[PDB]
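Just one chain is shown here, as structure tokens, and it is the form deposited in one PDB entry.
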């Protein structure tokens, strides 16, 4: 093991993972001063949980914060009476989450808070961690002998030894920070010992986007948010919006040292300037480039061949209803809407039936990018902007630029009441969420 850090791992044993985890304030040392964050298990990021299909999970959460909280199990297809967005745990009390892992699941998932009105300050302060589901496909020679790592992407900012407070502009644009970190560290070094790598990737930031590229190399895509592709797909760069995940293979062919970067991207945020003229002044424009890590290749590298096939994607029944959902903005007031209204936890917006399939059309009539998320029921993307999607795999977040319409196929699984919302989490707290009931 070189000198590259990753979070501590907890694994199942005899078919069961049973753990007591506390949410607490903690002092750390990360930039140049004393810093007290809010953490799970005393670390930033929290610990990684690792399981297999048909295992039982029993997680007891102990609240030692000065305000109430709960958990969302992002991407898991389980009952909404377990993954419950309306529950509240008071200061000083505990609650146990119990479920079984579904039979055909594989990939990278995560856990974080979801108490409406307080999501954005609690996630910015440090509360998140990863969950990994192993597969029988991981045994084939082209994956078994690769060098494997997890990369958690998240940014931060400090004031007076605490996380910086939210400002009026933050509720409008969403909050970014100046310290851009990997696995809790500023620009770490990875000294590789093999020529083929398998990297699992997670965007756990409040609002920042990452346009990823490795100097002098392409990337080979093998999984999306919620499962494997049908075969590997070669790309030259890869955009990841807040809440999305992916897995890739890298093939090193020459000695050297190579930068992994987040390249310039314009997500439509609005700026602060005063009367000084240019030729493009009012929006913020594209981001500045950032260096994520340094990657050093081994001596005389010889990479492995690619796998020929992965997992076939299932066929689904024909649909019986169509929905249309339109997103809009009021920027100076920082208020955000779905079909002309804001969230109300006592109102039901859609009613569907278990064991049927629906077509959902989601349209962006604003000027900013917005990334759309649905709880409990994963989906297949068919097209964006009237043009075809490039692969077949399970997803749970889809990005939309200004003007774009996405078409989705949605099979309805577990019964009960759940939600859908934007994952720029400041926009969720300020109105952009609604309610679905399945009977």
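Positions refer to the first chain, counted from 1. Basically, rigid core = biggest C-alpha set you can superpose within 1.5 Å across the two forms.
- Judged by mean Cα B factor in the deposited record, 184-192 ranks above the other of 360-368 and 184-192.
- If you average the C-alpha B-factors over 63-71 and over 30-38, the higher value belongs to 30-38.
- Reading the B-factor column for the CA atoms of 147, 138, 230, 216 in the entry, the top value corresponds to 216.
- You'll see in the entry that, of 323, 114, 335, 103, the Cα B factor peaks at 103.
- Ranked by Cα temperature factor within the chain, residue 414 sits in the highest third according to the deposited record.
- Among the modelled residues of its chain, residue 93 has a C-alpha B-factor that falls in the highest third, as given in the PDB entry.
- In the deposited entry, the Cα temperature factor of residue 43 sits in the top third of values across the chain's modelled residues.
- Among all modelled residues in this chain, the alpha-carbon of residue 12 has a temperature factor (C-alpha) in the lowest third.
- When the CA B factors of the chain's modelled residues are split into thirds, the value for residue 247 lands in the lowest one.
From this point on, the text means the form deposited in another entry, which you will not see here.
- Taking the rigid core as fixed, one finds a CA shift for residue 34 of 2 Å or more between the shown form and the other one.
- Relative to the superposed core, residue 103 shifts its CA atom by less than 2 Å between the shown form and the other one.
- A movement of the C-alpha atom of residue 169 falling short of 2 angstroms is seen between the shown form and the other one when the two forms are aligned on their rigid core.
- Inter-residue distance, residue 176 to residue 276 (Cα): increased by at least 3 Å in the other form versus the depicted form.
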